[PDB]
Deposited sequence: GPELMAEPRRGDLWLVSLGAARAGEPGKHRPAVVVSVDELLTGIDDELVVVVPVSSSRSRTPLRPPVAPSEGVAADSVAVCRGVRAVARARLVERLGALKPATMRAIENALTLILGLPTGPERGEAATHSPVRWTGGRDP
């Protein structure tokens, strides 16, 4: 459990694709089977209020968007390597989109 919230990580599924860690750091115990919640990042989908943009300086090879509607818990073991970290503004956009999607106060 080297992933951190706000990090951008390469995820297994054979394909590897990037995703942003959104679960909080104090959940991690360092075992492979534990669940980490990530938001997939795609460079082939257009930008919307629920798909905020992610820049190459944050770890992707090309202009990407965070598909917050595709949020999912994956096993630690599926996180293959660290790619970068997101700017705090991008994290606030993802938090807002996610607040909308899940109907939270």
**Prompt:** Which runs of the deposited chain sequence never show up in the coordinates?
**Reply:** 1-5, 19-26, 119-140
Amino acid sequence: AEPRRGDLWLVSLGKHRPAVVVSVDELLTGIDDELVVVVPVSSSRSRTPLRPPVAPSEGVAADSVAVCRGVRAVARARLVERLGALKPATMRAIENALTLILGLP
From here on, numbers count along this sequence of modelled residues.
**Prompt:** Per the entry, where is the mean C-alpha temperature factor higher: 16-24 or 84-92?
**Reply:** 84-92
**Prompt:** Once you work out the mean C-alpha B-factor for both 63-71 and 25-33 from the entry, which is higher?
**Reply:** 25-33
**Request:** State the tercile, meaning the lowest, middle or highest third, of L79 with respect to the CA B-factors recorded for its chain.
**Result:** middle
**Message:** Could you place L100 in the lowest, middle or highest third of its chain by Cα temperature factor, using the values in the record?
**Reply:** middle
